[PDB]
Amino acid sequence: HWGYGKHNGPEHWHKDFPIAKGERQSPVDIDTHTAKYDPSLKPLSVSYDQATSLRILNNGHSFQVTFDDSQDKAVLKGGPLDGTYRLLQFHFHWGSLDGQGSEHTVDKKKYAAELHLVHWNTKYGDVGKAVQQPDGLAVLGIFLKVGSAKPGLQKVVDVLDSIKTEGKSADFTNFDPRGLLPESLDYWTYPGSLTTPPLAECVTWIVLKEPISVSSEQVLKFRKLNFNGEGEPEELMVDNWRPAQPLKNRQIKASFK
Ligand SMILES: Cc1ccc(NC(=O)NCCS(=O)(=O)Nc2ccc(S(N)(=O)=O)cc2)cc1
Ligand SMILES: [Zn+2]
């Protein structure tokens with residue numbers, strides 16, 4: 001089964017998921033000098049005031065917080081998007097060292113981690129159907145750098161020892177994802193894919209320019225999670241990121257001058 005190790009990592013994925021070598025794979029390097037400002041882009045509309053978080057889960061490759069998406073409670077709209085996209089969950093990708101861990105890069109710069117807020121297009125009814133569509137998902141990607149603590153992340157980090165190993169979950173209600181956002185909503189956007197198997201080419205990527213800063217203590221608690229399940233040999237959950245993929249016939253657009 002797939003993972004991030006030498007023997008099952010991103011260079012192996014194409015054998016089970018041949019779309020790994022497709023025409024719109026993610027992540028990519030964002031070359032800020034080649035991305036074009038697009039004045040027809042709208043401001044993003046991030047409407048999370050009614051978000052209802054449910055559980056936090058170690059899924060063996062990352063940790064994820066799930067939300068109630070049975071209703072338009074936490075939606076992403078505007079920007080490059082048509083229609084309404086409901087928040088399903090967020091998760092992160094991070095490194096073993098502060099100089100790596102993000103999936104997208106900016107002029108080849110790697111950040112310590114990357115937050116993905118995963119949304120699906122309500123015109124498709126459910127996420128499983130959305131992932132079969134070229135405009136089925138919108139993932140809001142936010143870079144993390146190490147510096148000052150992010151207060152809105154602390155509740156997440158404090159529960160991670162209760163989901164150390166694969167398959168563990170915990171109640172994680174009343175969490176406000178607005179506390180994970182940077183000040184600016186300026187973004188880059190491009191058509192891409194899931195960055196993990198099945199690597200489906202169903203994602204409008206919206207990557208914010210402004211990183212959030214997290215403390216060294218916060219990211220160290222990410223690095224204490226385990227890929228393995230309870231009672232198995234401990235492999236620390238670090239470097240769960242896919243490297244940048246060929247841009248091919250795509251143009252990255254910027255919402256800002
Ligand atoms: C390190 C890591 C992190 C998350 C995962 N998988 C999941 O969370 N799956 C459940 C939600 S899903 O919508 O069904 N699939 C999905 C997969 C990837 C992305 S991404 N990384 O492009 O934003 C977005 C959505 C695997 C490894
Ligand atoms: Zn992700």
# chains A, B, ... in the order shown; residues from 1 in each chain; ligands from 1
>>> residues_near_ligand(ligand="ligand 2", cutoff="7 Å", atoms="only C-alpha atoms and all ligand atoms", output="VMD selection string")
chain A and resid 91 to 93 115 to 116 195
>>> residues_near_ligand(ligand="ligand 1", cutoff="8 Å", atoms="only C-alpha atoms and all ligand atoms", output="CSV table (one decimal) with N, CA, C and O atoms, in the first residue's frame")
chain,number,residue,atom,x,y,z
A,26,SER,N,-0.6,17.6,-9.3
A,26,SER,CA,-0.3,18.6,-8.2
A,26,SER,C,0.6,17.8,-7.2
A,26,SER,O,0.5,16.6,-7.1
A,27,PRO,N,1.4,18.6,-6.4
A,27,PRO,CA,1.6,20.0,-6.5
A,27,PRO,C,2.5,20.5,-7.6
A,27,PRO,O,3.0,19.6,-8.4
A,59,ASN,N,-5.1,9.1,9.8
A,59,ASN,CA,-5.5,8.2,8.7
A,59,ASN,C,-4.2,7.4,8.2
A,59,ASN,O,-4.3,6.8,7.1
A,60,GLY,N,-3.1,7.5,8.9
A,60,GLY,CA,-1.9,6.7,8.5
A,60,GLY,C,-1.0,7.5,7.5
A,60,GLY,O,0.1,6.9,7.3
A,61,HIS,N,-1.4,8.6,7.0
A,61,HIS,CA,-0.5,9.4,6.2
A,61,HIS,C,-0.5,10.8,6.7
A,61,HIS,O,0.5,11.5,6.5
A,62,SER,N,-1.6,11.3,7.2
A,62,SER,CA,-1.7,12.6,7.8
A,62,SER,C,-2.7,12.5,9.0
A,62,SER,O,-3.1,11.4,9.4
A,63,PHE,N,-3.1,13.7,9.5
A,63,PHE,CA,-4.2,13.8,10.4
A,63,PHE,C,-5.2,14.8,9.7
A,63,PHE,O,-4.8,15.6,9.0
A,64,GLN,N,-6.5,14.5,10.0
A,64,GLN,CA,-7.5,15.3,9.3
A,64,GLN,C,-8.6,15.7,10.3
A,64,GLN,O,-8.9,14.9,11.2
A,88,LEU,N,-15.2,20.0,3.6
A,88,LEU,CA,-15.2,18.6,4.0
A,88,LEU,C,-14.3,18.3,5.1
A,88,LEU,O,-14.6,17.7,6.1
A,89,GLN,N,-13.1,18.8,5.0
A,89,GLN,CA,-12.0,18.5,6.0
A,89,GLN,C,-10.8,19.4,5.7
A,89,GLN,O,-10.7,19.9,4.7
A,90,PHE,N,-10.0,19.5,6.7
A,90,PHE,CA,-8.6,19.9,6.4
A,90,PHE,C,-7.6,18.9,7.0
A,90,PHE,O,-7.9,18.1,7.9
A,91,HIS,N,-6.4,19.0,6.5
A,91,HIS,CA,-5.3,18.2,6.9
A,91,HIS,C,-4.0,18.9,6.6
A,91,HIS,O,-4.0,20.0,6.0
A,92,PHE,N,-2.8,18.3,7.0
A,92,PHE,CA,-1.6,19.0,6.7
A,92,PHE,C,-0.6,18.0,6.1
A,92,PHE,O,-0.8,16.8,6.1
A,93,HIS,N,0.4,18.6,5.5
A,93,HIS,CA,1.6,18.0,5.0
A,93,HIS,C,2.8,18.7,5.6
A,93,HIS,O,2.8,19.9,5.7
A,116,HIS,N,-4.2,22.1,3.9
A,116,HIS,CA,-5.1,21.9,2.8
A,116,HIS,C,-6.5,21.9,3.4
A,116,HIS,O,-6.9,20.9,4.1
A,117,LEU,N,-7.4,22.8,3.0
A,117,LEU,CA,-8.8,22.9,3.3
A,117,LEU,C,-9.5,22.4,2.1
A,117,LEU,O,-9.5,23.1,1.1
A,118,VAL,N,-10.1,21.2,2.2
A,118,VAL,CA,-10.7,20.5,1.1
A,118,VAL,C,-12.2,20.8,1.0
A,118,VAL,O,-12.9,20.6,1.9
A,119,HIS,N,-12.6,21.3,-0.2
A,119,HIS,CA,-14.0,21.7,-0.4
A,119,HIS,C,-14.5,20.9,-1.7
A,119,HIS,O,-13.7,20.7,-2.6
A,120,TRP,N,-15.8,20.6,-1.7
A,120,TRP,CA,-16.3,20.0,-2.9
A,120,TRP,C,-17.6,20.7,-3.5
A,120,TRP,O,-18.3,21.4,-2.8
A,127,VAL,N,-19.1,14.1,-2.3
A,127,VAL,CA,-17.7,14.3,-2.6
A,127,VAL,C,-17.2,13.1,-3.5
A,127,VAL,O,-16.3,13.4,-4.4
A,128,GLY,N,-17.7,11.9,-3.3
A,128,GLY,CA,-17.3,10.8,-4.2
A,128,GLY,C,-17.6,11.1,-5.6
A,128,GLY,O,-16.8,10.7,-6.5
A,131,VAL,N,-15.2,14.0,-7.1
A,131,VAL,CA,-13.8,13.7,-7.4
A,131,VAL,C,-13.7,13.1,-8.8
A,131,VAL,O,-12.6,13.0,-9.3
A,137,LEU,N,-13.5,19.6,-7.0
A,137,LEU,CA,-13.0,20.0,-5.7
A,137,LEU,C,-12.3,21.4,-5.8
A,137,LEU,O,-11.8,21.7,-6.9
A,139,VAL,N,-9.3,23.1,-3.3
A,139,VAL,CA,-8.5,23.0,-2.1
A,139,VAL,C,-7.8,24.3,-1.9
A,139,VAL,O,-7.2,24.8,-2.8
A,140,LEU,N,-8.0,24.9,-0.7
A,140,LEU,CA,-7.4,26.1,-0.3
A,140,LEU,C,-6.1,25.7,0.4
A,140,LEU,O,-6.1,25.0,1.4
A,141,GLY,N,-4.9,26.1,-0.2
A,141,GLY,CA,-3.6,25.7,0.4
A,141,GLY,C,-3.0,26.9,1.0
A,141,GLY,O,-3.0,28.0,0.5
A,193,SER,N,-4.7,18.4,-9.3
A,193,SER,CA,-5.1,17.1,-8.9
A,193,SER,C,-5.1,17.0,-7.3
A,193,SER,O,-4.5,17.8,-6.6
A,194,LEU,N,-5.6,15.9,-6.8
A,194,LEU,CA,-5.3,15.4,-5.5
A,194,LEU,C,-3.8,15.2,-5.4
A,194,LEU,O,-3.2,14.7,-6.4
A,195,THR,N,-3.1,15.5,-4.3
A,195,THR,CA,-1.7,15.3,-4.2
A,195,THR,C,-1.4,13.9,-3.6
A,195,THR,O,-0.2,13.6,-3.4
A,196,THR,N,-2.4,13.1,-3.3
A,196,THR,CA,-2.3,11.8,-2.8
A,196,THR,C,-3.1,10.8,-3.7
A,196,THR,O,-4.0,11.3,-4.3
A,197,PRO,N,-2.7,9.6,-3.7
A,197,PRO,CA,-3.6,8.6,-4.3
A,197,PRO,C,-5.1,8.9,-3.9
A,197,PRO,O,-5.4,9.1,-2.8
A,198,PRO,N,-6.0,8.8,-4.9
A,198,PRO,CA,-5.9,8.3,-6.3
A,198,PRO,C,-5.4,9.4,-7.3
A,198,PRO,O,-5.4,9.1,-8.5
A,199,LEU,N,-5.0,10.6,-6.8
A,199,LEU,CA,-4.3,11.6,-7.7
A,199,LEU,C,-5.3,12.1,-8.7
A,199,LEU,O,-4.9,12.6,-9.8
A,203,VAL,N,-9.2,19.1,-9.1
A,203,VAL,CA,-9.0,20.1,-8.2
A,203,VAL,C,-8.8,21.4,-8.8
A,203,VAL,O,-7.8,21.5,-9.7
A,240,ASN,N,5.4,13.7,4.8
A,240,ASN,CA,4.3,13.2,4.1
A,240,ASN,C,3.8,14.2,3.0
A,240,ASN,O,2.7,14.6,2.9
A,241,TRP,N,4.8,14.6,2.1
A,241,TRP,CA,4.5,15.6,1.0
A,241,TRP,C,5.0,15.0,-0.3
A,241,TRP,O,5.9,14.2,-0.4
>>> select_by_dssp(residues="region 59-146 of chain A", states="alpha helix (DSSP H)", output="PyMOL selection string")
chain A and resi 127-130
>>> residues_around(residues="residue 113 (chain A)", least_positions_apart="6", cutoff="9 Å", atoms="only C-alpha atoms", output="CSV table (one decimal) with N, CA and C atoms, in the first residue's frame")
chain,number,residue,atom,x,y,z
A,92,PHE,N,-2.8,18.3,7.0
A,92,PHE,CA,-1.6,19.0,6.7
A,92,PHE,C,-0.6,18.0,6.1
A,93,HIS,N,0.4,18.6,5.5
A,93,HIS,CA,1.6,18.0,5.0
A,93,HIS,C,2.8,18.7,5.6
A,94,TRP,N,3.8,17.9,6.1
A,94,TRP,CA,4.9,18.6,6.8
A,94,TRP,C,6.2,17.8,6.7
A,95,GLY,N,7.3,18.4,7.2
A,95,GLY,CA,8.6,17.9,7.0
A,95,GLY,C,9.2,17.3,8.3
A,98,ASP,N,12.6,22.0,9.2
A,98,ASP,CA,11.8,23.2,8.9
A,98,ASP,C,12.0,23.6,7.4
A,100,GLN,N,11.7,21.8,4.8
A,100,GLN,CA,10.9,21.1,3.8
A,100,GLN,C,9.6,20.7,4.5
A,101,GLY,N,8.6,20.3,3.6
A,101,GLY,CA,7.3,19.8,4.1
A,101,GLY,C,6.2,20.3,3.3
A,102,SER,N,6.3,21.4,2.7
A,102,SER,CA,5.2,21.8,1.8
A,102,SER,C,5.2,21.1,0.5
A,103,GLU,N,4.0,21.1,-0.1
A,103,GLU,CA,3.9,20.4,-1.4
A,103,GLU,C,4.1,21.4,-2.5
A,142,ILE,N,-2.5,26.6,2.2
A,142,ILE,CA,-1.9,27.7,3.1
A,142,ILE,C,-0.5,27.2,3.5
A,143,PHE,N,0.5,28.0,3.3
A,143,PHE,CA,1.8,27.6,3.7
A,143,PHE,C,2.0,27.9,5.2
A,144,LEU,N,2.8,27.1,5.8
A,144,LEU,CA,3.3,27.3,7.2
A,144,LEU,C,4.8,27.5,7.2
A,145,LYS,N,5.2,28.6,7.9
A,145,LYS,CA,6.6,28.8,8.3
A,145,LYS,C,6.7,28.7,9.8
A,146,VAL,N,7.9,28.5,10.3
A,146,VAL,CA,8.2,28.4,11.7
A,146,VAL,C,8.6,29.8,12.2
A,219,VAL,N,5.0,22.7,15.4
A,219,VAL,CA,5.3,21.8,14.4
A,219,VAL,C,6.0,20.5,14.9
A,241,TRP,N,4.8,14.6,2.1
A,241,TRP,CA,4.5,15.6,1.0
A,241,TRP,C,5.0,15.0,-0.3
>>> closest_residue(among="A:17, A:124, A:4, A:172", to="residue 67 (chain A)", atoms="only C-alpha atoms")
A:172
>>> residues_around(residues="residue 126 (chain A)", least_positions_apart="4", cutoff="10 Å", atoms="only C-alpha atoms", output="PDB file with N, CA, C and O atoms, in the first residue's frame")
ATOM      1  N   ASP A  69     -20.688  18.372   6.198  1.00  0.00           N
ATOM      2  CA  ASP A  69     -20.911  18.954   4.882  1.00  0.00           C
ATOM      3  C   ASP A  69     -22.284  18.595   4.326  1.00  0.00           C
ATOM      4  O   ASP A  69     -22.484  18.637   3.107  1.00  0.00           O
ATOM      5  N   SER A  70     -23.222  18.222   5.196  1.00  0.00           N
ATOM      6  CA  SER A  70     -24.577  17.881   4.764  1.00  0.00           C
ATOM      7  C   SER A  70     -25.434  19.106   4.499  1.00  0.00           C
ATOM      8  O   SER A  70     -26.638  18.969   4.252  1.00  0.00           O
ATOM      9  N   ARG A  86     -18.386  23.164  -0.526  1.00  0.00           N
ATOM     10  CA  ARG A  86     -18.532  22.919   0.910  1.00  0.00           C
ATOM     11  C   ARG A  86     -17.258  22.358   1.519  1.00  0.00           C
ATOM     12  O   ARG A  86     -16.658  21.439   0.961  1.00  0.00           O
ATOM     13  N   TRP A 120     -15.812  20.628  -1.742  1.00  0.00           N
ATOM     14  CA  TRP A 120     -16.339  19.983  -2.937  1.00  0.00           C
ATOM     15  C   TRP A 120     -17.550  20.722  -3.496  1.00  0.00           C
ATOM     16  O   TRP A 120     -18.319  21.358  -2.770  1.00  0.00           O
ATOM     17  N   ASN A 121     -17.697  20.625  -4.816  1.00  0.00           N
ATOM     18  CA  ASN A 121     -18.676  21.412  -5.562  1.00  0.00           C
ATOM     19  C   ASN A 121     -20.078  20.838  -5.357  1.00  0.00           C
ATOM     20  O   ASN A 121     -20.349  19.686  -5.716  1.00  0.00           O
ATOM     21  N   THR A 122     -20.975  21.643  -4.774  1.00  0.00           N
ATOM     22  CA  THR A 122     -22.271  21.103  -4.374  1.00  0.00           C
ATOM     23  C   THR A 122     -23.120  20.695  -5.567  1.00  0.00           C
ATOM     24  O   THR A 122     -24.082  19.939  -5.389  1.00  0.00           O
ATOM     25  N   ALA A 130     -17.964  14.252  -6.894  1.00  0.00           N
ATOM     26  CA  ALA A 130     -17.169  15.435  -7.223  1.00  0.00           C
ATOM     27  C   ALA A 130     -15.760  15.056  -7.676  1.00  0.00           C
ATOM     28  O   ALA A 130     -15.204  15.672  -8.596  1.00  0.00           O
ATOM     29  N   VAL A 131     -15.172  14.029  -7.065  1.00  0.00           N
ATOM     30  CA  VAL A 131     -13.792  13.685  -7.419  1.00  0.00           C
ATOM     31  C   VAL A 131     -13.683  13.109  -8.821  1.00  0.00           C
ATOM     32  O   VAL A 131     -12.568  12.981  -9.344  1.00  0.00           O
ATOM     33  N   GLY A 136     -14.518  19.436  -9.589  1.00  0.00           N
ATOM     34  CA  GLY A 136     -15.253  18.842  -8.495  1.00  0.00           C
ATOM     35  C   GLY A 136     -14.818  19.336  -7.130  1.00  0.00           C
ATOM     36  O   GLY A 136     -15.634  19.432  -6.218  1.00  0.00           O
TER      37      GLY A 136
END
>>> residues_around(residues="residue 184 (chain A)", least_positions_apart="6", cutoff="8 Å", atoms="only C-alpha atoms", output="PyMOL selection string")
chain A and resi 208-210
>>> residues_around(residues="region 173-175 of chain A", least_positions_apart="6", cutoff="7 Å", atoms="only C-alpha atoms", output="list in words")
residues 52, 53, 54 and 55 of chain A
>>> atom_distance(atom1="CA of residue 68 (chain A)", atom2="CA of residue 125 (chain A)")
13.9 Å
>>> atom_distance(atom1="CA of residue 71 (chain A)", atom2="CA of residue 212 (chain A)")
28.6 Å
